[PDB]
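A.B. asks: Just so we're aligned, residue 35 is where the sequence shown starts under the working numbering, counting upward by one. Built from N, CA and C at the ideal position, the CB exists for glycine as well.
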Amino acid sequence: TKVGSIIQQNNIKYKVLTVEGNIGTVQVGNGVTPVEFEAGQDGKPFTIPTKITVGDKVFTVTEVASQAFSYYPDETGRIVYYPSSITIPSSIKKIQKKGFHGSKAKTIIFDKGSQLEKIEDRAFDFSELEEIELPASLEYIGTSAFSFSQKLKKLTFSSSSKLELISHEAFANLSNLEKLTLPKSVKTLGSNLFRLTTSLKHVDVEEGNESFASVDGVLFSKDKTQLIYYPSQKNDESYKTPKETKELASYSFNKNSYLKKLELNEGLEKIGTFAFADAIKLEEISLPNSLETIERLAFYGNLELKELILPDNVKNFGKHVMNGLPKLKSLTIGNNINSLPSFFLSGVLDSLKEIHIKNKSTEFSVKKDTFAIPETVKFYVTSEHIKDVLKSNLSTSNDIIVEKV
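Written as structure tokens, this is what we have:
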């Protein structure tokens, strides 16, 4: 009966968390293996027990242990039984990491007066959840908590939500979630919150939120300095970032399905990693004089992008900044870019006809792996020295034209 002891009742294991006299608390599950269901329980509703008794002692079930309600296939390929829905009693205060990994429950129902405060990392990753209404008591959602819940279509938060923090990739890899409303209480969002999600049309922010804003379904920081997420299914053909924007967050236009023309504003300094990854309709993008940093794979898989003009003052390029741009016809490299890093331009570049290098430095540098491009691409450069640098470093024998002075 001591702390850490396993109590097994009706083929459910519980592990003692606390005990004092005849009052204690348990987690449901040993934290290692999942609860095994009976054949008759397959595809039927199930309620997590709330209280267990051992002699004159009473243990309240306060936590769902890691793996307790996870669904895993068996090496034999036999059917592994699992309920169609799970009801969580008010006594549950925490869902440990992977408590419902891969869950086949289509819904999770909370009994009235939930005490649920924390959903830990990956609690519902790869789940078959279709709908869930999170209780007001919930304050924290862990990393990748609902990631890869491909059938999740409705995710809401009860009135008077206390939700303050939603961690990294909590709503990543989703395929059927068309909208979400962040409660007024949300203060912190982890990075890549919607990474690889393909379904959102709009992300709303409850009136009064002090940290975030929603403008035409686009998520920003309240001060509009950070464009956090542009919904992939927002159907506008053209868009202009607001004048206050200083950065595009990582994955902010990931999987974008409809945008064709994007105008960035002067004052924007940074484009995050994967910002335009798989933005498959983007044809034109205006990059500002203020742009300083373009991170890894910001331009990746842009199936319709026709041209790129890198502005004159970019200082920092991440690894593989431009890759897989099959309709890119031309690239221009701005005036004060005098050093081209490794892995700058590569991948499918079927339409690339020309690269214009505007720099005039006597110290211009290229690495042997800066370019991995078709030999048919033509370069336009300002001096014979820059042509010499290209000839010495290019893996291909491209035509290089030195412009007249």
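Report the rounded CA-to-CA distance for residue 147 versus residue 292, giving the unit in angstroms.
C.D. replies: Looking at the two C-alpha atoms, the distance is approximately 42 Å.
A.B. asks: Along the beta strand (DSSP E) that carries residue 435, what are the first and last residues, could you check?
C.D. replies: Run containing residue 435: 434-436, per the beta strand (DSSP E) assignment.
A.B. asks: Between the alpha carbons of residue 289 and residue 321, how many angstroms are there, rounded?
C.D. replies: Those two C-alpha atoms are separated by around 20 Å.
A.B. asks: Return yes when the Cβ of residue 174 is within less than 8 Å of the Cβ of residue 152, no when it is not.
C.D. replies: Against a cut-off of 8 Å, the Cβ pair of residue 174 and residue 152 comes out as a contact.
A.B. asks: Under a three-way DSSP split, which group does residue 247 fall into?
C.D. replies: Residue 247: strand per DSSP, three-state reduction.
A.B. asks: Taking DSSP as the reference, what is the three-state secondary structure of residue 439?
C.D. replies: In this structure, residue 439 counts as coil in the three-state DSSP scheme.
A.B. asks: I need the straight-line Cα distance from residue 133 to residue 246, nearest angstrom please.
C.D. replies: Rounded to whole angstroms, residue 133 to residue 246 spans 30 Å at the Cα level.
A.B. asks: Between residue 263 and residue 286, is the Cβ-Cβ spacing less than 8 Å?
C.D. replies: Going by C-beta atoms, residue 263 is nearer than 8 Å to residue 286.
A.B. asks: Does the Cβ-Cβ distance between residue 359 and residue 374 come in under 8 Å?
C.D. replies: In this structure, residue 374 does not lie closer than 8 Å to residue 359 by Cβ.
A.B. asks: With residue 379 and residue 407 assumed to form a contact (beta carbons below 8 Å), what rounded beta-carbon distance in angstroms separates them?
C.D. replies: About 6 Å separates the two Cβ atoms, so the contact holds.
A.B. asks: Counting along the chain, where does the alpha helix (DSSP H) carrying residue 422 start and finish?
C.D. replies: 418-427 is the span of the alpha helix (DSSP H), which, as asked, contains residue 422.
A.B. asks: If you count every other CB in all the chains shown that lies within 10 Å of the CB of residue 101, and 16 or more means buried, which is it?
C.D. replies: Counting Cβ neighbours within 10 Å, residue 101 comes out buried, since at least 16 surround it.
A.B. asks: Under DSSP, the beta strand (DSSP E) around residue 48 begins and ends at which residues?
C.D. replies: Segment 46-54, the beta strand (DSSP E) holding residue 48.
A.B. asks: Residue 394 bridges to which residues according to DSSP?
C.D. replies: None, per the DSSP bridge assignment.
A.B. asks: What first and last residue would you give for the beta strand (DSSP E) that runs through residue 254?
C.D. replies: Segment 252-255, the beta strand (DSSP E) holding residue 254.
A.B. asks: In three-state DSSP terms, what is residue 58?
C.D. replies: DSSP places residue 58 in strand when its eight states are reduced to three.
A.B. asks: Residue 166: buried (16+ other C-beta within 10 angstroms of its C-beta) or exposed?
C.D. replies: Buried is the call here.
A.B. asks: Between the region 217-235 and the region 264-272, do at least 3 Cβ pairs fall closer than 8 Å?
C.D. replies: Yes: at least three Cβ pairs fall under 8 Å.
A.B. asks: What is the rounded straight-line gap between the Cα of residue 300 and the Cα of residue 326?
C.D. replies: When rounded, the distance between both Cα atoms is 11 Å.
A.B. asks: Between the region 192-205 and the region 250-258, can you find at least three pairs of beta-carbon atoms closer than 8 Å?
C.D. replies: These segments do not touch.
A.B. asks: Would you mind listing the beta strand (DSSP E) stretches within the region 293-346 that are 3+ residues and don't spill past its ends, in chain order?
C.D. replies: With a minimum length of 3 residues, the continuous beta strand (DSSP E) runs that stay inside the region 293-346 are 295-297, 318-320, 341-344.
A.B. asks: Could you pull out every residue in the same chain whose Cβ sits closer than 6 Å to the Cβ of residue 347, ignoring the five residues on either side in sequence?
C.D. replies: Taken in chain order, the residues that qualify are 370.
A.B. asks: Leaving aside the five residues before and after residue 168 along the sequence, list all residues of the same chain whose C-beta is less than 6 Å from its C-beta, in chain order.
C.D. replies: Excluding residues within five positions, the ones whose Cβ falls inside 6 Å are 191.
A.B. asks: Let's see if you can read the secondary structure: which residues bound the beta strand (DSSP E) around residue 238?
C.D. replies: Run containing residue 238: 236-239, per the beta strand (DSSP E) assignment.
A.B. asks: Ordered along the chain, which non-local residues of its own chain (more than five positions away) have a Cβ less than 6 Å from that of residue 181?
C.D. replies: Around residue 181: 159, 203, 206, 207.
A.B. asks: Thinking C-beta only, is residue 212 closer than 8 Å to residue 185?
C.D. replies: Not a contact, by the Cβ cut-off of 8 Å.
A.B. asks: Return the chain-ordered list of same chain residues with a C-beta closer than 6 Å to the C-beta of residue 223, the five sequence neighbours on each side being excluded.
C.D. replies: Correct list, in chain order: 200.
A.B. asks: Report the residue from 164, 62, 178, 143 whose alpha carbon sits nearest the alpha carbon of residue 155.
C.D. replies: The option with the nearest alpha carbon to residue 155 is 178.
A.B. asks: By DSSP, does residue 42 sit in helix, in strand, or in coil?
C.D. replies: Of the three classes helix, strand and coil, the one that applies to residue 42 here is strand, per DSSP.
A.B. asks: Is residue 149 helix, strand or coil by DSSP?
C.D. replies: In the structure shown, residue 149 sits in coil (DSSP, three-state: anything other than H, G, I, E or B).
A.B. asks: Can you tell me which residues form a DSSP beta bridge with residue 141?
C.D. replies: According to DSSP, which records beta bridges pairwise, residue 141 is partnered with 119, 165.
A.B. asks: Would you mind reading off the limits of the beta strand (DSSP E) that contains residue 190?
C.D. replies: Start and end: 188-191.
A.B. asks: Cα separation between residue 35 and residue 149?
C.D. replies: About 25 Å.
A.B. asks: Would you list the residues sitting across from residue 260 in a DSSP beta bridge?
C.D. replies: Beta-bridge pairing links residue 260 to 281.
A.B. asks: Compute the distance between the beta-carbons of residue 58 and residue 52, then report whether it is under 8 Å.
C.D. replies: Contact: yes.
A.B. asks: Can you check which of these residues, 129, 383, 337, is closest to residue 318 by C-alpha distance?
C.D. replies: Answer by Cα proximity: 337.
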